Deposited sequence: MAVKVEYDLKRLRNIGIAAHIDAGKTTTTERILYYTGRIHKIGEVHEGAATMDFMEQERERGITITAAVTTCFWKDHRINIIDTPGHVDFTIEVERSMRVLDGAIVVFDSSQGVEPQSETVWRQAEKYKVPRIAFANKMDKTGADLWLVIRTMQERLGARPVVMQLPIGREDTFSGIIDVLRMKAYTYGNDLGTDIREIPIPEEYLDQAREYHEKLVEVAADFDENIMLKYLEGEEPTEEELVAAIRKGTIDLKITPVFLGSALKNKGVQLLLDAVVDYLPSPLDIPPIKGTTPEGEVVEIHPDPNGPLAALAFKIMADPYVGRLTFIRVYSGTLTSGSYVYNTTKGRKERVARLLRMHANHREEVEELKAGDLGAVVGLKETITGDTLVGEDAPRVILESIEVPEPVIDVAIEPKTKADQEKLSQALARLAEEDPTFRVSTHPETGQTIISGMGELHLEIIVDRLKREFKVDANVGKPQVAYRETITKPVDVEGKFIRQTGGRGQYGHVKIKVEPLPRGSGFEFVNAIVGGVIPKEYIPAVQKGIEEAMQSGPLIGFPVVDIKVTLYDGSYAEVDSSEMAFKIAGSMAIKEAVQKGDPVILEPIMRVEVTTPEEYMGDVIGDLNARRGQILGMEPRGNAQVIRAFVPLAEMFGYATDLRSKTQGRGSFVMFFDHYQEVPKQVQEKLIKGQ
């Protein structure tokens, strides 16, 4: 019942509103008549990996490219290859995943198969190949002509319940032959047996044509193009056939690659009997059974009721039950092998992105272990305590499913501060909270998580001598604070020596420092990358207390940071801007205006991918300015790289 050769992990992707959901639903319908939904067609298992809701979900998208094997790009046949279409395309190119295209909405007014073919050629340099011609134009669209097999199909209704293989109507008869000749030509580019025949004017075997087009599609050399109307149930069954005919099995594509703890890259091969290696890519919380953590098995076998090792951490996780999600029901399975996908129940310490392995297998990691330094802060204020109550709750819960964000209570304001990887991250989170959790609050505008730090050693003291509330308080500390190498964080060294400061308070003076670091002097942002050494001070036999030293520590640090030629530190993003050749130095000047630094340009497909360093504070509304200069065709990804000292000029302003 299992056989790689007949597995087919795909993922539908299209410009928003083009027809991804409908196309997927119609697939499940047709295959159904007998995060990752499975189904069968012509003796083949199709695992429809669920691609991110929108291309902007960059991280999610790249991960889904690695989790799927083949793709079906859906275009609105009346719009052609739109901006996002281009975006997903670049993505598909980046992960070299074979693909086929589907011209959807052929039934709609303005729908044109040639607009999709031409724009695919033009914008994407896709080298499409006409796999079929339509019958009827708009509301009169009624049939599809397979031009590889020279046969037509007409549809009795808009319900996908009356399909009839009629011969090609004389009226498109010539066009079919024209494209069939053209289709044979393309196939000859991948098979000499066919090239010979083509030249001979001979007719190659369907099995021959189908295999060469497949070879080509999987070699990233061509893109079969099919058409239809998802909503009007036309062409979907023909699309299901294309999937099996031309889309790759876990054996047709190069193996996924992973890194061992030794930093050594490795090719993980799709060997069911080899050591297990799987990726968890979507942690969902199903109503009955709790959290389903979806995984892609790359090699080896995942067994039900067993132990897998989480290399992205270091503990044995327990896979309770394994299920395959079908269109209208769940199915418990005894195991999932190489090239397959499913949802494992259990696994409480495993989060999306982690790697699970054989427990007696190499400890490879399919993804980086690094963590997204929170670079965007957004304040939230529940509106009624009742909303406040279910807010921090929704957070605790949502915090486990995704730990790439941190929450804090702003020092002075006392406000709740959610921090993420970028405006978008925070956007989906915030949204998720008002919807899934129906928590309504006032959400502040996103800002960059600046940090503060000194740039020269200082030796200061903190005294807190006061008759506070009747009794006297006395705290005296003398610390030496010096700058730590960027990224070292915090270090407290207690060099105290003669009971000079009663041990009873050492931790208390640290508590004071930790708190006065929650707000630098320049802009009241966190102080980081500093070494603090308490070496002297004094106490009052009766007047001292944990509080006096606590405050004494707070004072000492405010003093130390204000005196050490403090400097503001801003996040520096690593930006990859994929753009059409034409708008080249055009986009390069903008990034330089954003105080950027280009690191080079290495082409992708028929487009140019520019790599650069740009300060996050300069990326606000970049998505817009970009499309403003790449005439809507450009796009880009962005990641945190390092923290940097803001320029002399920049500083004087932020202050």
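Coordinate coverage of the deposited sequence is interrupted at 1 to 5, 40 to 67, 689 to 691, where no C-alpha atom was modelled.
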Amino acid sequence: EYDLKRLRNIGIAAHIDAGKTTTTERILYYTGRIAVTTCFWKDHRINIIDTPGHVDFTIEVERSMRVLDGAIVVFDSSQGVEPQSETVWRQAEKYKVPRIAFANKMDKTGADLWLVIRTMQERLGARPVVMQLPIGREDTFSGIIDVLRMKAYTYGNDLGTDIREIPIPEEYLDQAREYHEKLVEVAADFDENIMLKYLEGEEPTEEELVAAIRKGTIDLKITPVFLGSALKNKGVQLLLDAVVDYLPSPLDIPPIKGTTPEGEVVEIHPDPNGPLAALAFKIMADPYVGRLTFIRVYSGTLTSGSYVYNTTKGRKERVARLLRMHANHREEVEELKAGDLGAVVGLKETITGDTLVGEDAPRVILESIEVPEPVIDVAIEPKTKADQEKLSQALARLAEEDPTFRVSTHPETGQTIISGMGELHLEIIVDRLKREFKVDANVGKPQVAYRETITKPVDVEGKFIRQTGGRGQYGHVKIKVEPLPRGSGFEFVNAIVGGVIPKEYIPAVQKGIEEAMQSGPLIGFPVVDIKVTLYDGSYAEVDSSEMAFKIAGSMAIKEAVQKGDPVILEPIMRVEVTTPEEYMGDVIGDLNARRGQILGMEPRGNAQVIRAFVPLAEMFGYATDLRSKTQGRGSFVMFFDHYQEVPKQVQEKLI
From here on, numbers count along this sequence of modelled residues.
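For the pair 527 to 535 and 391 to 399, the mean B factor over Cα atoms is greater in 391 to 399. Comparing the deposited coordinates for 365 to 373 and 554 to 562, the stretch with the larger average C-alpha B-factor is 365 to 373. Out of 589, 615, 70, 52, the entry records its largest CA B-factor for 589. In the deposited coordinates, the residue among 169, 512, 258, 128 with the greatest CA B-factor is 169. For residue 642, the recorded CA B-factor ranks within the middle third of the chain. Only modelled residues enter the ranking. Among the modelled residues of the chain, residue 477 sits in the lowest third by CA temperature factor in this PDB entry. Annotation for residue 37: C-alpha temperature factor in the middle third relative to the rest of the modelled chain, per the entry. Looking at the C-alpha B-factors along this chain, the one for residue 609 belongs to the highest third. When all modelled residues of the chain are sorted by CA temperature factor, residue 628 is found within the highest third.
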